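Here you get one chain, nothing else, as C-alpha cells; it is the form deposited without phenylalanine.
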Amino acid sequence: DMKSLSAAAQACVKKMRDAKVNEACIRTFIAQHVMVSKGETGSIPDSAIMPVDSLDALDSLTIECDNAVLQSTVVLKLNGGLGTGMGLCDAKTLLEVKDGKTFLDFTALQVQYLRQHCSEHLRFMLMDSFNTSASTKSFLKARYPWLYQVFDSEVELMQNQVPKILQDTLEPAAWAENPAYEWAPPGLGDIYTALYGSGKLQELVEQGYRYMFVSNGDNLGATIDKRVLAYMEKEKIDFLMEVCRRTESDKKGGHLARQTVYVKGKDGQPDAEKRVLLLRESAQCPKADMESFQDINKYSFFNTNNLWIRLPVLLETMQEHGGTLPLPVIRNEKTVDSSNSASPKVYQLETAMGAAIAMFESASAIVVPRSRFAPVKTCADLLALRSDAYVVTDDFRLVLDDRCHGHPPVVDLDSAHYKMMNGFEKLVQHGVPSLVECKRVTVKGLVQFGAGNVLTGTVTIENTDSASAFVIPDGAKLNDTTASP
C-alpha cells in the first residue's frame, strides 16, 4: 500500500510514476509485488481445486432481453494483439476475414445493427495497446466515422505496462541495450484496472450503463446474445463467463475450477458453504499436476474470454479494494530479453481477465456452443471463412452455410508455404475456391487457385516440386480427387 513499501517496491513505484503510468495500475501492480515478496508463486495445484460438475447452458435459454437493457449495455473488444502468428504486422483485428471485411468491420457492423434496431445508446469500446492504437484509429476514420469522432473520448481504452522485476530482488530490471524490454503488458486482467484508472468505469456507471460484454476482438463468435442479458437480469448474476467444452485440441488451455468456503456458525446456527469458481491456466499449474490439467473429461470447461459484467458491482468492488481488482497474480519466469537467455532473469507479473470470476459473490459460468469461440489461428482457418462455407447474416454475423450441416470444410494447408499471410494471399490471388460442398481440402506444396474453382467432397492438391507453382485453371471443378502436375 502506502510506503511502508520495500525499497524494491518503491523503485517500481518510482519508475512507473516517472513514466507516468496510471495510478490504478501502480496500486494494482504493487499489491501483486507485495504478494510475490511474501512468497506467492501464483501456482495452483490440483489439491487446491475441484472440478466443476455442471453448469447451465445457453441452449436452455429462449428469452431475449428487451431494448432497454441493451440501452445500458457496453460492448468492449480486446484489441491489443498483433497478427504476428500469421505474419501480420498490424492489429490482428485488421486482418481481412471475409468479403473484404476485418474482424473489426464485423464488430462495428454488429454494433451499428444493435443501435439501429434496438438501442442507440449501446456503447462500443476498444481496448488497444500502444502497438495497435494508431492503426485502429485510422481504420475507423476511414470506415466508421461515427466511432472515429468519439474515439479518443469514448471508444478507446489503453492498456498499461508494468516493469519486469528481477527474480532475486523484485526490483526493476534494467536493460540499457533496450529499455522497452524493461516493460511488459500486464496482461488481460488489466482491463479492469484500465477501466477504473481512466475514469471510464465511473463514467459508464453514472450514465446508467449496467452491463459490459467483453470479448476478444479476434473472436468472430463473440456477438451479443440477448438471451444472455435476460438471463443475467433474471438470475441477478454479476459476473458471467462463457465456456466451451474443452476438446483435445484445447487441453493446454485454461479451464474452470471450483473451491469451497466453509463458514462455520458463527451464531447463525447454520454452517454455510459457498462455491467459488476460478480459472486456471497452464502457467499456474505445476508440472506434477499437468497431465491432470490436460484431462478434458475432468476439467471439461474452457474459458472463451466472453465475459459479462455488471458494471456497478465491479465498480463497487474496486472501490472496496482501494480502487483495484485484486486478481490472483501469475508470476511468469522469464529473461528480460526473452530471446537472449543470458539476460537477467525476471518475473513478469500478469493477471487474467477471466480470473475475475473469483471476485464476485454472484458469479457463474455458462456453457456455450463452440460457435461462440471462433478465432482465426491459421491461414487454414481464414480459408474456410473466406469461402462460401460461411455466409454473413442480416445482422453481420458469420455462420456456416446450411448445406454444411454444422460441419465446416476441413482445411489442411502446407505450413511451408501458407503459414504466413503473404503466402496465403498468393494461394488465393485469383480467387477463393468454393468450399461449401467440400469436406476436406488439403494443399501440399505451392499452388494457386483459379477463378471459379469449386471443390466437392475430399480434395488434395499436391505439388511436389518446390521450385514450381501449380496453378489450377479457371472453372475447375474438383470432386473427390487429387490434383497434381
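We number the residues from 1 along the sequence you see.
One more form of this protein should be noted, the form deposited with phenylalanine bound, which is absent from this view; the next part is about it.
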Among 411-419, 266-274, 238-246, 107-115, the region lying within 4.5 Å of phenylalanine in the bound PDB entry by heavy atom distance:
238-246
In the bound PDB entry, does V368 come within 4.5 Å of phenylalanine, counting heavy atoms only?
yes
Can any non-hydrogen atom of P145 be found within 4.5 angstroms of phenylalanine in the bound PDB entry?
no
Can you tell me if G406 lies within 4.5 angstroms of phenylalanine in the bound PDB entry, counting non-hydrogen atoms only?
yes
